Q: 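The following block contains the structure, expressed as structure tokens.
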Amino acid sequence: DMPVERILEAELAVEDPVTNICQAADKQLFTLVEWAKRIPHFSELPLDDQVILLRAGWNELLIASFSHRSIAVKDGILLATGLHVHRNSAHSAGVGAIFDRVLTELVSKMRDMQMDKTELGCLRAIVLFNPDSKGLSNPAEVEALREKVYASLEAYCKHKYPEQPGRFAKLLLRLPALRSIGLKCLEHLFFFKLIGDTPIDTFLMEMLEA
Amino acid sequence: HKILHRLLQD
Ligand SMILES: CC[C@H](C)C1=C(CCC(C)C)/C(=C/C(C)=C\C=C\C(C)=C\C(=O)O)CCC1
């Protein structure tokens with residue numbers, strides 16, 4: 001009911017540094033909708049609940065994607081726009097603290113365990129199917145979809161990495177760090193909007209709506 | 001949430 005082959009297919013189907021990062025975020029929000037449509041059973045949920053799940057998880061979903069994309073580089077983040085933000089550039093722009101959190105708690109840990117694209121997609125599908133999201137018409141159905149994702153994820157881990165019995169738990173235990181980092185990035189983005197001297201495009205602005 | 005709504009329906 002939740003095969004990892006379709007979750008990987010969704011990942012492969014979607015392929016001032018503050019300004020560059022905000023422009024990449026808006027670009028990838030469009031791509032995020034196309035990704036979620038390719039996750040099994042997401043498009044079958046009520047349309048209001050599809051909206052709720054994406055508005056609740058977009059920041060974590062985008063952070064996981066560019067963090068995994070950046071395991072190929074050191075002390076840097078690869079943006080979807082083809083630009084690279086070096087650790088030194090982020091520090092010199094005043095956002096070095098949260099940048100270092102992304103490199104240390106996400107990118108380096110992804111690189112250390114060689115997290116593959118199937119595991120990334122499954123973790124993102126778990127984040128997407130967040131049954132704690134407020135306003136869900138049927139939270140039990142979302143919880144059931146989440147359960148099917150991590151059931152398929154564990155089977156994949158035991159089959160492809162039988163020598164790493166703790167790998168399934170290691171993947172899930174990056175989710176608290178992703179949640180904390182996602183919340184801090186939202187905090188920064190609201191401050192940028194309040195000051196008003198950072199260009200924020202329309203889709204990124206819409207995610208900041210009440 | 002105009003943009004998200006339009007993108008999901010299409
Ligand atoms: C300047 C740092 C500041 C705090 C900030 C962060 C954090 C960036 C990391 C690299 C610290 C953002 C992240 C999100 C919530 C989404 C990022 C999406 C991207 C950049 C996707 C991609 O390129 O694939 C967007 C808003 C502003």
Side-chain angles (χ1 to χ4, degrees), chain A residues 10 13-14 22-23 25-62 125 127-130 133-137 142 145 186 189 193 199-210, chain B:
Chain A
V14 295
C22 286
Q23 285 174 339
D26 186 79
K27 177 196 206 295
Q28 288 312 98
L29 277 172
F30 295 88
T31 294
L32 184 65
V33 177
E34 289 314 302
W35 170 84
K37 288 164 168 281
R38 295 169 181 265
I39 299 297
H41 304 286
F42 175 82
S43 294
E44 298 166 359
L45 296 165
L47 183 273
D48 289 343
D49 291 348
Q50 299 181 33
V51 167
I52 284 170
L53 289 180
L54 277 167
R55 283 182 55 83
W58 70 269
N59 49 311
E60 288 177 41
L61 291 166
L62 294 189
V127 169
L128 179 69
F129 293 132
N130 182 1
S133 305
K134 309 310 181 183
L136 285 177
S137 70
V142 173
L145 292 175
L186 260 187
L189 189 50
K193 176 193 179 184
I200 303 177
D201 280 285
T202 65
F203 205 171
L204 187 59
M205 191 61 75
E206 187 179 282
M207 290 312 215
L208 299 183
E209 278 169 11
Chain B
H1 312 317
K2 288 167 181 243
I3 302 166
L4 184 57
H5 262 273
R6 293 167 174 170
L7 285 178
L8 287 168
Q9 174 270 330
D10 185 26

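The chains referred to below are lettered A, B, ... by the order of the sequence lines, with proteins before strands, and numbering in each begins at 1.
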Q: Return the CD1 to CD distance between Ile3(B) and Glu209(A), rounded to the nearest 0.5 Å.
A: 7.5 Å
Q: Filter on salt bridge (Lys or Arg N to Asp or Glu O under 4.0 Å), then keep only pairs touching residues 35-44 of chain A, sequence neighbours left out; what's left?
A: none
Q: Among all residues two or more places apart in sequence or in another chain, which pass the side-chain contact (heavy atoms from CB on, under 4.5 Å) test with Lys2(B)?
A: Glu206(A), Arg6(B)
Q: Just checking heavy atoms, which of residues 49-56 of chain A are less than 4.5 Å from chain B?
A: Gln50(A), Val51(A), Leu54(A), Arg55(A)
Q: Could you give all pairs that pass the ring-ring contact (aromatic ring centres under 6.0 Å, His included) test and reach residues 25-62 of chain A, with sequence neighbours left out?
A: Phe30(A)-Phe203(A)
Q: Are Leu7(B) and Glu34(A) close enough that some pair of their side-chain heavy atoms sits under 4.5 Å apart?
A: no
Q: Please classify the contact of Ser43(A) with chain B as side chain, backbone, both or neither, using a heavy-atom distance under 4.5 Å.
A: neither
